[PDB]
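Everything below belongs to final_19.cif, which stores mmCIF, C-alpha atoms and all ligand atoms.
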```
data_entry
loop_
_atom_site.label_atom_id
_atom_site.label_comp_id
_atom_site.auth_asym_id
_atom_site.auth_seq_id
_atom_site.Cartn_x
_atom_site.Cartn_y
_atom_site.Cartn_z
CA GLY P 1 40.98 22.71 33.40
CA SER P 2 39.83 25.35 35.89
CA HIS P 3 36.43 26.95 36.35
CA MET P 4 36.69 28.80 33.07
CA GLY P 5 37.49 25.47 31.44
CA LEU P 6 34.34 23.74 32.72
CA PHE P 7 32.22 26.72 31.67
CA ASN P 8 33.74 26.65 28.19
CA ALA P 9 33.14 22.92 27.87
CA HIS P 10 29.45 23.46 28.57
CA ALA P 11 29.29 26.45 26.24
CA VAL P 12 30.59 24.12 23.50
CA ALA P 13 28.51 21.07 24.42
CA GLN P 14 25.53 23.43 24.43
CA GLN P 15 26.36 24.62 20.92
CA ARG P 16 26.96 21.12 19.58
CA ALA P 17 23.56 20.19 20.95
CA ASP P 18 22.18 23.26 19.27
CA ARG P 19 23.24 22.49 15.72
CA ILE P 20 22.11 18.89 16.22
CA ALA P 21 18.74 20.30 17.25
CA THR P 22 18.73 22.46 14.12
CA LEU P 23 19.49 19.46 11.88
CA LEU P 24 16.78 17.30 13.43
CA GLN P 25 14.49 20.28 12.98
CA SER P 26 15.20 20.70 9.30
CA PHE P 27 14.51 16.94 9.10
CA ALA P 28 11.04 17.26 10.54
CA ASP P 29 10.44 20.15 8.16
CA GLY P 30 11.24 18.10 5.07
CA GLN P 31 14.66 19.68 4.45
CA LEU P 32 16.66 16.49 3.95
CA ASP P 33 18.97 18.45 1.63
CA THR P 34 21.62 19.57 4.12
CA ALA P 35 24.02 16.83 5.24
CA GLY P 36 24.94 17.24 8.91
CA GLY P 37 28.59 17.80 8.02
CA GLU P 38 31.38 16.33 10.13
CA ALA P 39 30.83 15.41 13.77
CA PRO P 40 32.37 18.04 16.10
CA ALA P 41 34.40 15.42 17.95
CA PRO P 42 34.75 11.67 18.64
CA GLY P 43 31.95 11.53 21.20
CA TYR P 44 29.46 12.58 18.54
CA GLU P 45 30.63 10.40 15.67
CA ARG P 46 28.03 7.65 16.17
CA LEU P 47 25.21 10.16 16.75
CA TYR P 48 26.10 11.82 13.43
CA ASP P 49 26.22 8.41 11.74
CA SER P 50 22.65 7.83 12.94
CA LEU P 51 21.91 11.35 11.79
CA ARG P 52 22.87 10.48 8.21
CA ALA P 53 21.21 7.10 8.43
CA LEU P 54 18.09 8.93 9.55
CA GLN P 55 18.44 11.32 6.63
CA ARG P 56 18.80 8.59 4.02
CA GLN P 57 15.65 7.06 5.42
CA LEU P 58 13.57 10.22 5.72
CA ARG P 59 14.50 10.73 2.07
CA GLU P 60 13.40 7.37 0.70
CA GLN P 61 10.16 7.50 2.67
CA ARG P 62 9.46 10.93 1.24
CA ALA P 63 10.03 9.70 -2.31
CA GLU P 64 7.64 6.81 -1.74
CA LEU P 65 4.84 8.97 -0.37
CA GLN P 66 5.38 11.23 -3.38
CA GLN P 67 5.02 8.36 -5.83
CA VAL P 68 1.77 7.54 -4.06
CA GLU P 69 0.65 11.10 -4.71
CA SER P 70 1.36 10.76 -8.44
CA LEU P 71 -0.50 7.48 -8.39
CA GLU P 72 -3.64 9.03 -6.93
CA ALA P 73 -3.20 11.75 -9.54
CA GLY P 74 -2.94 9.44 -12.53
CA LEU P 75 -5.74 7.26 -11.23
CA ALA P 76 -7.89 10.38 -11.01
CA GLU P 77 -6.92 11.26 -14.57
CA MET P 78 -7.66 7.77 -15.80
CA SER P 79 -11.06 7.89 -14.08
CA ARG P 80 -11.88 11.19 -15.74
CA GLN P 81 -10.83 9.90 -19.14
CA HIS P 82 -12.84 6.72 -18.78
CA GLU P 83 -16.09 8.30 -17.66
CA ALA P 84 -15.86 10.30 -20.86
CA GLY P 85 -15.32 7.04 -22.74
CA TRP P 86 -11.63 7.55 -23.53
CA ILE P 87 -10.96 3.99 -22.43
CA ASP P 88 -7.47 3.72 -23.89
CA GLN P 89 -6.06 5.96 -21.20
CA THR P 90 -3.98 4.37 -18.50
CA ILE P 91 -2.05 5.48 -15.44
CA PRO P 92 1.48 6.27 -16.73
CA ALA P 93 3.21 3.44 -14.84
CA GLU P 94 6.60 4.22 -16.39
CA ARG P 95 6.76 7.68 -14.78
CA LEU P 96 6.30 5.92 -11.42
CA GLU P 97 8.37 3.30 -9.64
CA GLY P 98 8.48 0.92 -6.72
CA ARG P 99 5.25 0.08 -4.93
CA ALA P 100 3.34 2.83 -6.68
CA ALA P 101 4.32 1.53 -10.13
CA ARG P 102 3.16 -1.97 -9.25
CA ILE P 103 -0.22 -0.68 -8.06
CA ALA P 104 -0.54 1.45 -11.20
CA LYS P 105 0.19 -1.55 -13.42
CA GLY P 106 -2.30 -3.60 -11.44
CA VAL P 107 -5.01 -1.04 -11.98
CA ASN P 108 -4.30 -0.77 -15.71
CA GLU P 109 -4.33 -4.54 -16.22
CA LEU P 110 -7.45 -4.95 -14.05
CA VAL P 111 -9.35 -2.51 -16.25
CA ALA P 112 -7.74 -3.95 -19.39
CA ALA P 113 -9.27 -7.35 -18.58
CA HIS P 114 -12.72 -5.81 -18.16
CA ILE P 115 -12.28 -3.84 -21.38
CA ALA P 116 -11.17 -6.95 -23.28
CA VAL P 117 -14.36 -8.79 -22.41
CA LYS P 118 -16.17 -5.86 -23.98
CA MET P 119 -14.06 -5.68 -27.13
CA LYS P 120 -15.05 -9.30 -27.72
CA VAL P 121 -18.73 -8.78 -26.91
CA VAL P 122 -18.80 -5.69 -29.16
CA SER P 123 -17.26 -7.86 -31.86
CA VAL P 124 -19.17 -11.16 -31.90
CA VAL P 125 -22.28 -8.99 -31.62
CA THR P 126 -21.36 -6.77 -34.52
CA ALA P 127 -21.17 -9.90 -36.66
CA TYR P 128 -24.53 -11.02 -35.26
CA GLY P 129 -25.80 -7.59 -36.23
CA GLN P 130 -25.03 -8.13 -39.90
CA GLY P 131 -25.91 -11.75 -40.64
CA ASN P 132 -22.93 -13.78 -39.47
CA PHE P 133 -24.07 -16.01 -36.60
CA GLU P 134 -20.96 -18.20 -36.67
CA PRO P 135 -18.84 -16.71 -33.83
CA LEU P 136 -19.51 -17.54 -30.17
CA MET P 137 -18.89 -15.47 -27.05
CA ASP P 138 -15.98 -16.85 -25.03
CA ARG P 139 -16.88 -19.00 -22.05
CA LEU P 140 -16.38 -16.69 -19.06
CA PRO P 141 -15.69 -17.60 -15.38
CA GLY P 142 -17.74 -16.85 -12.27
CA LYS P 143 -20.30 -14.09 -12.64
CA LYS P 144 -18.96 -13.07 -16.04
CA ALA P 145 -20.71 -16.25 -17.15
CA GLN P 146 -23.84 -14.15 -17.70
CA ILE P 147 -22.25 -12.13 -20.47
CA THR P 148 -21.31 -15.38 -22.20
CA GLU P 149 -24.85 -16.81 -22.05
CA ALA P 150 -26.68 -13.54 -22.71
CA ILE P 151 -24.81 -13.36 -26.00
CA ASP P 152 -25.66 -17.00 -26.66
CA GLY P 153 -29.29 -16.18 -25.97
CA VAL P 154 -29.40 -13.63 -28.78
CA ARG P 155 -27.47 -16.12 -30.91
CA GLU P 156 -30.28 -18.66 -30.90
CA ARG P 157 -32.88 -16.04 -31.79
CA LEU P 158 -30.99 -14.71 -34.81
CA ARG P 159 -30.31 -18.32 -35.78
CA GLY P 160 -33.38 -19.39 -37.75
CA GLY I 1 35.64 23.42 38.37
CA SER I 2 39.15 21.94 38.25
CA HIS I 3 40.64 19.40 35.87
CA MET I 4 38.50 16.63 37.26
CA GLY I 5 35.49 18.87 36.68
CA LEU I 6 36.22 19.40 32.97
CA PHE I 7 36.83 15.68 32.51
CA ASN I 8 33.53 14.86 34.20
CA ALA I 9 31.67 17.38 32.06
CA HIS I 10 32.95 15.65 28.93
CA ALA I 11 32.20 12.21 30.35
CA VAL I 12 28.59 13.40 30.77
CA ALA I 13 28.31 15.27 27.47
CA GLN I 14 29.68 12.12 25.86
CA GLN I 15 26.98 10.01 27.49
CA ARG I 16 24.18 12.43 26.63
CA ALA I 17 25.38 12.27 23.04
CA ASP I 18 25.38 8.52 23.34
CA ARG I 19 21.76 8.02 24.32
CA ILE I 20 20.74 10.57 21.68
CA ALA I 21 22.66 8.44 19.19
CA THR I 22 20.82 5.36 20.45
CA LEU I 23 17.42 7.06 20.04
CA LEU I 24 18.16 8.24 16.52
CA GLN I 25 19.32 4.71 15.83
CA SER I 26 16.14 3.07 17.04
CA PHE I 27 14.40 5.62 14.79
CA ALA I 28 16.20 4.49 11.68
CA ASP I 29 15.41 0.91 12.67
CA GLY I 30 11.67 1.51 12.81
CA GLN I 31 11.43 1.50 16.62
CA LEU I 32 9.36 4.65 17.06
CA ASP I 33 7.89 3.11 20.22
CA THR I 34 10.31 4.49 22.81
CA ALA I 35 9.84 8.19 23.62
CA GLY I 36 13.19 9.88 24.24
CA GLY I 37 12.24 10.65 27.83
CA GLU I 38 13.16 13.96 29.45
CA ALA I 39 16.07 16.04 28.18
CA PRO I 40 19.12 15.68 30.46
CA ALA I 41 19.40 19.44 30.92
CA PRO I 42 18.33 22.83 29.52
CA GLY I 43 20.86 22.84 26.68
CA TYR I 44 19.23 19.75 25.21
CA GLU I 45 15.59 20.72 25.59
CA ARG I 46 15.11 21.95 22.01
CA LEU I 47 17.04 19.00 20.54
CA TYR I 48 14.72 16.63 22.41
CA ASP I 49 11.70 18.61 21.19
CA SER I 50 12.91 18.02 17.63
CA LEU I 51 13.51 14.44 18.64
CA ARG I 52 9.83 13.96 19.50
CA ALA I 53 8.72 15.98 16.50
CA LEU I 54 10.88 13.67 14.41
CA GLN I 55 9.29 10.66 16.08
CA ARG I 56 5.72 11.81 15.47
CA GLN I 57 6.65 12.24 11.84
CA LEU I 58 8.54 8.99 11.35
CA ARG I 59 5.39 7.39 12.79
CA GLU I 60 2.82 8.93 10.47
CA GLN I 61 4.99 8.28 7.44
CA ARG I 62 5.31 4.66 8.46
CA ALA I 63 1.54 4.31 8.81
CA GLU I 64 1.05 5.77 5.34
CA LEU I 65 3.52 3.45 3.65
CA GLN I 66 1.77 0.60 5.45
CA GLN I 67 -1.63 1.61 4.12
CA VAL I 68 -0.05 1.61 0.68
CA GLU I 69 1.05 -1.97 1.31
CA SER I 70 -2.50 -3.03 2.19
CA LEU I 71 -3.69 -1.25 -0.92
CA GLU I 72 -1.35 -3.20 -3.19
CA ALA I 73 -2.53 -6.29 -1.32
CA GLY I 74 -6.25 -5.68 -1.79
CA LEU I 75 -5.73 -4.63 -5.39
CA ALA I 76 -3.93 -7.93 -5.95
CA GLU I 77 -6.82 -9.75 -4.32
CA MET I 78 -9.37 -7.88 -6.40
CA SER I 79 -7.40 -8.71 -9.55
CA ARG I 80 -7.34 -12.39 -8.66
CA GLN I 81 -11.06 -12.42 -7.93
CA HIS I 82 -11.91 -10.65 -11.16
CA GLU I 83 -9.86 -12.82 -13.48
CA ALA I 84 -11.86 -15.69 -12.06
CA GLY I 85 -15.02 -13.73 -12.82
CA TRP I 86 -15.92 -12.86 -9.21
CA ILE I 87 -16.57 -9.29 -10.30
CA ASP I 88 -18.38 -8.19 -7.16
CA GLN I 89 -15.15 -8.14 -5.19
CA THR I 90 -13.67 -4.80 -4.32
CA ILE I 91 -10.67 -3.47 -2.43
CA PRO I 92 -11.87 -3.11 1.19
CA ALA I 93 -11.62 0.70 1.29
CA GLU I 94 -13.04 0.89 4.82
CA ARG I 95 -10.10 -1.04 6.31
CA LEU I 96 -7.83 1.62 4.78
CA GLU I 97 -7.63 5.36 5.29
CA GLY I 98 -6.08 8.57 4.03
CA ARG I 99 -4.49 8.59 0.58
CA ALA I 100 -4.63 4.82 0.28
CA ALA I 101 -8.38 4.75 0.95
CA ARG I 102 -9.01 7.38 -1.73
CA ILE I 103 -7.00 5.41 -4.30
CA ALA I 104 -8.83 2.22 -3.31
CA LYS I 105 -12.21 3.91 -3.75
CA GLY I 106 -11.07 5.29 -7.08
CA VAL I 107 -10.12 1.86 -8.31
CA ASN I 108 -13.40 0.32 -7.16
CA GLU I 109 -15.51 3.04 -8.80
CA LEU I 110 -13.41 2.95 -11.99
CA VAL I 111 -14.09 -0.77 -12.38
CA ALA I 112 -17.70 -0.32 -11.25
CA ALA I 113 -18.30 2.03 -14.19
CA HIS I 114 -16.87 -0.51 -16.64
CA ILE I 115 -18.93 -3.28 -15.04
CA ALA I 116 -22.11 -1.19 -15.21
CA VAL I 117 -21.78 -0.76 -18.96
CA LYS I 118 -21.70 -4.54 -19.12
CA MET I 119 -24.66 -5.15 -16.83
CA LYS I 120 -26.67 -3.01 -19.24
CA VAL I 121 -25.31 -4.67 -22.38
CA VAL I 122 -25.94 -8.11 -20.84
CA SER I 123 -29.48 -6.93 -20.15
CA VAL I 124 -30.75 -5.20 -23.29
CA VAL I 125 -29.20 -8.14 -25.14
CA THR I 126 -30.91 -10.75 -23.04
CA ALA I 127 -34.22 -9.16 -24.02
CA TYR I 128 -33.08 -9.14 -27.66
CA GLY I 129 -32.30 -12.81 -27.18
CA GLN I 130 -35.90 -13.66 -26.34
CA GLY I 131 -38.05 -11.54 -28.65
CA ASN I 132 -38.23 -8.13 -27.00
CA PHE I 133 -36.52 -5.62 -29.30
CA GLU I 134 -37.89 -2.57 -27.49
CA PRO I 135 -34.94 -1.56 -25.24
CA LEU I 136 -31.96 0.41 -26.59
CA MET I 137 -28.34 0.43 -25.45
CA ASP I 138 -27.48 3.68 -23.68
CA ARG I 139 -25.66 6.28 -25.74
CA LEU I 140 -22.03 6.01 -24.60
CA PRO I 141 -19.23 8.64 -24.77
CA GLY I 142 -15.90 8.54 -26.59
CA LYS I 143 -14.74 5.08 -27.62
CA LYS I 144 -17.47 3.38 -25.62
CA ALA I 145 -19.66 4.60 -28.46
CA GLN I 146 -18.88 1.35 -30.28
CA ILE I 147 -20.64 -0.76 -27.68
CA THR I 148 -23.71 1.44 -28.09
CA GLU I 149 -23.81 1.07 -31.88
CA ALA I 150 -22.76 -2.58 -32.01
CA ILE I 151 -25.83 -3.35 -29.92
CA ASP I 152 -27.91 -1.16 -32.20
CA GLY I 153 -26.54 -3.09 -35.15
CA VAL I 154 -27.91 -6.38 -33.83
CA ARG I 155 -31.12 -4.52 -32.98
CA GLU I 156 -31.91 -3.76 -36.61
CA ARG I 157 -31.27 -7.35 -37.68
CA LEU I 158 -33.58 -8.89 -35.09
CA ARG I 159 -36.11 -6.19 -35.97
CA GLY I 160 -37.99 -7.57 -38.97
CL CL P 201 -14.32 14.58 -23.55
CL CL P 202 -12.55 -19.55 -8.52
#
```
Would you kindly transcribe this structure into structure tokens?
Ligand SMILES: [Cl-]
Ligand SMILES: [Cl-]
Amino acid sequence: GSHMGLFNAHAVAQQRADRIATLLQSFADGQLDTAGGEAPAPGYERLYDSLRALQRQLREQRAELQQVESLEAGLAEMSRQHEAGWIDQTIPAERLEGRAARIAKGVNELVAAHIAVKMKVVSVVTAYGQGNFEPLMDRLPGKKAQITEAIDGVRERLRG
Amino acid sequence: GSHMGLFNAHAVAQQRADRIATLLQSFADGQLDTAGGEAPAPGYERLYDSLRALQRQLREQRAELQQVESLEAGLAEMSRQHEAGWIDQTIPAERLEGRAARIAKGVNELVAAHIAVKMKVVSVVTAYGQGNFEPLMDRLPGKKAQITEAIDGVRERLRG
């Protein structure tokens, strides 16, 4: 409450500000591990609340970007496997979660559809390759129509 | 420098703390638009530096999660298009960037490979469907080997 009082106040305010600066710094440097601890006094309660709120967020967002890194990893893996013909490989969707998992599942099902059209073609053409000319290629939509009529083309030939 | 001085110091420190709390709050609520402005005094310079550093980060991370939202969008679109047979559709990789763009390109090329094996099959089977038995299905790796030998199967039949 004198001059020494005012100086001391500032010395303290300065320090409070300093640890807060340290926390925000270990937040920019991905160290969301250390909780800020208790506020030093009433005047900083809200700030510290926002500090935790900011931590909880910086955390989630980090997890999500991570997932996305696993996704690009598994996709890469799946691509490698498929070029080599190991077409039963898929991005391990289970290991992922959230947005990343959805994307992963989308990719697997998208390829699955394409692969299915081949399993059929490979089939009703295997039969055609050994006499049986009974089966027909499934009617396919849009530009996949070709496949359906190219298999029908070879069906006429063999027939007769 | 008296009692009124100490009180005033605290009134100020309290306020400084308050705006800082407001900034960190509009950072948790995705409002990374407002720069903190200048520090109120030396003791808060570093803290404000970390405040900007934290803003620049919260920004980037938001952009990335966004990209990932476009990605899941385009993938969805591509899936819709393909089920309907519009197999020339692709995730618009250009509109994206960073990790998301890479993933998008991966997905497009992964499907492209699968589609290519079909373009060939549809071809060397169209020929087989109209007399020509000269062309051969390309030797394929792993489990795609089937396709290559199922087309060879029907090649023998037609031949002779
Ligand atoms: Cl291999
Ligand atoms: Cl349509």
Return chain P as a compact mmCIF listing (two decimals) with C-alpha atoms, in the coordinates of the input, after superposing it on chain I by a least-squares fit that covers all C-alpha atoms paired in order.
```txt
# COMPACT_ATOMS: atom_id res chain seq x y z
CA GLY P 1 35.64 23.42 38.37
CA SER P 2 39.15 21.94 38.25
CA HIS P 3 40.64 19.40 35.87
CA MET P 4 38.50 16.62 37.26
CA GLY P 5 35.49 18.86 36.68
CA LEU P 6 36.23 19.40 32.98
CA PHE P 7 36.83 15.67 32.51
CA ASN P 8 33.53 14.86 34.20
CA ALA P 9 31.68 17.38 32.06
CA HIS P 10 32.95 15.65 28.93
CA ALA P 11 32.20 12.21 30.35
CA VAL P 12 28.59 13.40 30.77
CA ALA P 13 28.30 15.28 27.48
CA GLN P 14 29.68 12.13 25.86
CA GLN P 15 26.98 10.01 27.49
CA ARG P 16 24.18 12.43 26.63
CA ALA P 17 25.37 12.27 23.04
CA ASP P 18 25.38 8.52 23.34
CA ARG P 19 21.76 8.02 24.32
CA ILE P 20 20.75 10.57 21.67
CA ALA P 21 22.66 8.44 19.18
CA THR P 22 20.82 5.36 20.45
CA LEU P 23 17.42 7.06 20.05
CA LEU P 24 18.16 8.25 16.52
CA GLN P 25 19.32 4.71 15.83
CA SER P 26 16.14 3.07 17.04
CA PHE P 27 14.39 5.62 14.79
CA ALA P 28 16.20 4.49 11.68
CA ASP P 29 15.41 0.91 12.67
CA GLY P 30 11.67 1.51 12.81
CA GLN P 31 11.43 1.50 16.62
CA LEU P 32 9.36 4.65 17.05
CA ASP P 33 7.90 3.11 20.22
CA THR P 34 10.31 4.49 22.81
CA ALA P 35 9.84 8.18 23.63
CA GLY P 36 13.19 9.88 24.24
CA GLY P 37 12.24 10.65 27.84
CA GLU P 38 13.16 13.96 29.45
CA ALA P 39 16.07 16.04 28.17
CA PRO P 40 19.13 15.68 30.46
CA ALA P 41 19.40 19.44 30.92
CA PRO P 42 18.33 22.84 29.51
CA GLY P 43 20.86 22.84 26.68
CA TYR P 44 19.23 19.76 25.20
CA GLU P 45 15.58 20.71 25.59
CA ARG P 46 15.11 21.95 22.01
CA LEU P 47 17.04 19.00 20.54
CA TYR P 48 14.71 16.63 22.41
CA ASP P 49 11.70 18.61 21.20
CA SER P 50 12.91 18.02 17.63
CA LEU P 51 13.51 14.44 18.64
CA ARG P 52 9.83 13.96 19.49
CA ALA P 53 8.73 15.98 16.50
CA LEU P 54 10.88 13.67 14.41
CA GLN P 55 9.28 10.66 16.08
CA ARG P 56 5.72 11.81 15.47
CA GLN P 57 6.65 12.24 11.84
CA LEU P 58 8.53 8.99 11.35
CA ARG P 59 5.40 7.39 12.79
CA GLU P 60 2.82 8.93 10.47
CA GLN P 61 5.00 8.28 7.43
CA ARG P 62 5.31 4.66 8.47
CA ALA P 63 1.54 4.31 8.81
CA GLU P 64 1.04 5.77 5.35
CA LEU P 65 3.53 3.45 3.66
CA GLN P 66 1.77 0.60 5.45
CA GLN P 67 -1.63 1.61 4.12
CA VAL P 68 -0.05 1.60 0.68
CA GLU P 69 1.06 -1.96 1.31
CA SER P 70 -2.50 -3.03 2.19
CA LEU P 71 -3.68 -1.25 -0.92
CA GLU P 72 -1.35 -3.20 -3.19
CA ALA P 73 -2.54 -6.29 -1.32
CA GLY P 74 -6.24 -5.68 -1.79
CA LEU P 75 -5.73 -4.63 -5.39
CA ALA P 76 -3.93 -7.92 -5.95
CA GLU P 77 -6.82 -9.75 -4.33
CA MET P 78 -9.37 -7.89 -6.39
CA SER P 79 -7.40 -8.71 -9.55
CA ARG P 80 -7.34 -12.39 -8.66
CA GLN P 81 -11.06 -12.42 -7.93
CA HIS P 82 -11.91 -10.65 -11.16
CA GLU P 83 -9.85 -12.82 -13.48
CA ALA P 84 -11.86 -15.69 -12.06
CA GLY P 85 -15.02 -13.73 -12.81
CA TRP P 86 -15.91 -12.86 -9.22
CA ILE P 87 -16.57 -9.29 -10.30
CA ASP P 88 -18.38 -8.19 -7.15
CA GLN P 89 -15.15 -8.14 -5.19
CA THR P 90 -13.68 -4.80 -4.32
CA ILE P 91 -10.68 -3.47 -2.44
CA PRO P 92 -11.87 -3.11 1.19
CA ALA P 93 -11.62 0.70 1.29
CA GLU P 94 -13.04 0.89 4.82
CA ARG P 95 -10.10 -1.04 6.32
CA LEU P 96 -7.83 1.62 4.78
CA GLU P 97 -7.62 5.36 5.28
CA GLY P 98 -6.07 8.56 4.03
CA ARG P 99 -4.49 8.59 0.59
CA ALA P 100 -4.63 4.83 0.28
CA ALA P 101 -8.38 4.76 0.94
CA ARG P 102 -9.01 7.38 -1.72
CA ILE P 103 -7.00 5.41 -4.30
CA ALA P 104 -8.83 2.21 -3.31
CA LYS P 105 -12.21 3.91 -3.75
CA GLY P 106 -11.07 5.29 -7.08
CA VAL P 107 -10.12 1.86 -8.31
CA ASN P 108 -13.41 0.32 -7.17
CA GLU P 109 -15.51 3.03 -8.80
CA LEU P 110 -13.41 2.94 -11.99
CA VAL P 111 -14.09 -0.77 -12.38
CA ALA P 112 -17.70 -0.32 -11.25
CA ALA P 113 -18.30 2.03 -14.19
CA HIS P 114 -16.87 -0.51 -16.64
CA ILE P 115 -18.92 -3.28 -15.04
CA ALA P 116 -22.11 -1.19 -15.22
CA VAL P 117 -21.78 -0.76 -18.96
CA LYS P 118 -21.69 -4.55 -19.12
CA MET P 119 -24.66 -5.15 -16.83
CA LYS P 120 -26.66 -3.01 -19.24
CA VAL P 121 -25.30 -4.67 -22.38
CA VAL P 122 -25.95 -8.11 -20.84
CA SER P 123 -29.48 -6.93 -20.14
CA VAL P 124 -30.75 -5.20 -23.29
CA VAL P 125 -29.20 -8.14 -25.14
CA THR P 126 -30.91 -10.75 -23.04
CA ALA P 127 -34.22 -9.16 -24.02
CA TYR P 128 -33.09 -9.14 -27.66
CA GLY P 129 -32.30 -12.81 -27.18
CA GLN P 130 -35.90 -13.67 -26.34
CA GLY P 131 -38.05 -11.54 -28.64
CA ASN P 132 -38.23 -8.13 -27.00
CA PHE P 133 -36.52 -5.62 -29.30
CA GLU P 134 -37.89 -2.57 -27.49
CA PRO P 135 -34.94 -1.56 -25.24
CA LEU P 136 -31.97 0.41 -26.59
CA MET P 137 -28.35 0.44 -25.45
CA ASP P 138 -27.47 3.68 -23.68
CA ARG P 139 -25.66 6.29 -25.74
CA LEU P 140 -22.04 6.01 -24.59
CA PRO P 141 -19.23 8.65 -24.77
CA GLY P 142 -15.90 8.53 -26.59
CA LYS P 143 -14.74 5.08 -27.62
CA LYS P 144 -17.47 3.37 -25.62
CA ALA P 145 -19.66 4.61 -28.46
CA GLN P 146 -18.88 1.35 -30.27
CA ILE P 147 -20.64 -0.76 -27.67
CA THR P 148 -23.71 1.44 -28.08
CA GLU P 149 -23.81 1.07 -31.88
CA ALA P 150 -22.76 -2.58 -32.01
CA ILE P 151 -25.82 -3.35 -29.91
CA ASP P 152 -27.92 -1.16 -32.20
CA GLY P 153 -26.54 -3.10 -35.15
CA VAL P 154 -27.91 -6.38 -33.83
CA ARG P 155 -31.12 -4.52 -32.98
CA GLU P 156 -31.91 -3.76 -36.61
CA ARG P 157 -31.26 -7.34 -37.68
CA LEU P 158 -33.58 -8.89 -35.09
CA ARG P 159 -36.11 -6.19 -35.97
CA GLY P 160 -37.99 -7.56 -38.97
```
Test item: residues at most 9 Å from residue 22 in chain P, only C-alpha atoms, excluding those fewer than 3 positions along its chain, as a ChimeraX atom specification:
/P:17-19,25-27 /I:46-47,50
Got time to write the residues from that selection, C-alpha atoms, as an mmCIF file, in the frame of the given file?
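Wrote it out as again23.cif, contents follow:
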```cif
data_model
loop_
_atom_site.group_PDB
_atom_site.id
_atom_site.type_symbol
_atom_site.label_atom_id
_atom_site.label_comp_id
_atom_site.auth_asym_id
_atom_site.auth_seq_id
_atom_site.Cartn_x
_atom_site.Cartn_y
_atom_site.Cartn_z
ATOM 1 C CA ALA P 17 23.560 20.190 20.950
ATOM 2 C CA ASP P 18 22.180 23.260 19.270
ATOM 3 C CA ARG P 19 23.240 22.490 15.720
ATOM 4 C CA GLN P 25 14.490 20.280 12.980
ATOM 5 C CA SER P 26 15.200 20.700 9.300
ATOM 6 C CA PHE P 27 14.510 16.940 9.100
ATOM 7 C CA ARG I 46 15.110 21.950 22.010
ATOM 8 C CA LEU I 47 17.040 19.000 20.540
ATOM 9 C CA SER I 50 12.910 18.020 17.630
#
```
List the neighbours of range 123-137 of chain P out to 12 Å using all atoms listed in the file; skip same-chain residues closer than 6 positions along the sequence, and give me the result as a PyMOL selection string.
(chain P and resi 116-117+144-160) or (chain I and resi 121-122+125+128-129+146-159)
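With the cut-off set to 8 Å and only C-alpha atoms and all ligand atoms counted, the residues surrounding ligand CL 202 (chain P) are residues 141 and 142 of chain P; 81, 84, 85 and 86 of chain I.
Each of P:143, P:80, P:109, P:95 was checked against ligand CL 201 (chain P) using all atoms listed in the file; the smallest atom-to-atom distance is that of P:80.
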Got a minute to add N, CA, C and O atoms to range 103-111 of chain P and dump it as a PDB file, keeping the file's coordinate frame?
```
ATOM      1  N   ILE P 103       1.198  -0.982  -8.225  1.00  0.00           N
ATOM      2  CA  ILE P 103      -0.220  -0.680  -8.060  1.00  0.00           C
ATOM      3  C   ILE P 103      -0.790  -0.125  -9.364  1.00  0.00           C
ATOM      4  O   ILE P 103      -1.834  -0.571  -9.829  1.00  0.00           O
ATOM      5  N   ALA P 104      -0.093   0.838  -9.954  1.00  0.00           N
ATOM      6  CA  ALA P 104      -0.540   1.450 -11.200  1.00  0.00           C
ATOM      7  C   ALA P 104      -0.732   0.402 -12.288  1.00  0.00           C
ATOM      8  O   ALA P 104      -1.741   0.404 -12.997  1.00  0.00           O
ATOM      9  N   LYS P 105       0.245  -0.491 -12.420  1.00  0.00           N
ATOM     10  CA  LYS P 105       0.190  -1.550 -13.420  1.00  0.00           C
ATOM     11  C   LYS P 105      -0.989  -2.482 -13.124  1.00  0.00           C
ATOM     12  O   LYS P 105      -1.687  -2.944 -14.027  1.00  0.00           O
ATOM     13  N   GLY P 106      -1.199  -2.748 -11.843  1.00  0.00           N
ATOM     14  CA  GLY P 106      -2.300  -3.600 -11.440  1.00  0.00           C
ATOM     15  C   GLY P 106      -3.603  -2.990 -11.902  1.00  0.00           C
ATOM     16  O   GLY P 106      -4.418  -3.650 -12.540  1.00  0.00           O
ATOM     17  N   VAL P 107      -3.800  -1.719 -11.584  1.00  0.00           N
ATOM     18  CA  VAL P 107      -5.010  -1.040 -11.980  1.00  0.00           C
ATOM     19  C   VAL P 107      -5.208  -1.072 -13.485  1.00  0.00           C
ATOM     20  O   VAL P 107      -6.294  -1.398 -13.955  1.00  0.00           O
ATOM     21  N   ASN P 108      -4.167  -0.754 -14.252  1.00  0.00           N
ATOM     22  CA  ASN P 108      -4.300  -0.770 -15.710  1.00  0.00           C
ATOM     23  C   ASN P 108      -4.671  -2.147 -16.258  1.00  0.00           C
ATOM     24  O   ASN P 108      -5.527  -2.266 -17.142  1.00  0.00           O
ATOM     25  N   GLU P 109      -4.038  -3.197 -15.738  1.00  0.00           N
ATOM     26  CA  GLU P 109      -4.330  -4.540 -16.220  1.00  0.00           C
ATOM     27  C   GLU P 109      -5.710  -5.017 -15.752  1.00  0.00           C
ATOM     28  O   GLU P 109      -6.391  -5.759 -16.468  1.00  0.00           O
ATOM     29  N   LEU P 110      -6.129  -4.586 -14.563  1.00  0.00           N
ATOM     30  CA  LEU P 110      -7.450  -4.950 -14.050  1.00  0.00           C
ATOM     31  C   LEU P 110      -8.522  -4.397 -14.974  1.00  0.00           C
ATOM     32  O   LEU P 110      -9.452  -5.094 -15.344  1.00  0.00           O
ATOM     33  N   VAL P 111      -8.384  -3.134 -15.358  1.00  0.00           N
ATOM     34  CA  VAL P 111      -9.350  -2.510 -16.250  1.00  0.00           C
ATOM     35  C   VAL P 111      -9.243  -3.131 -17.636  1.00  0.00           C
ATOM     36  O   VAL P 111     -10.250  -3.395 -18.283  1.00  0.00           O
TER      37      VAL P 111
END
```
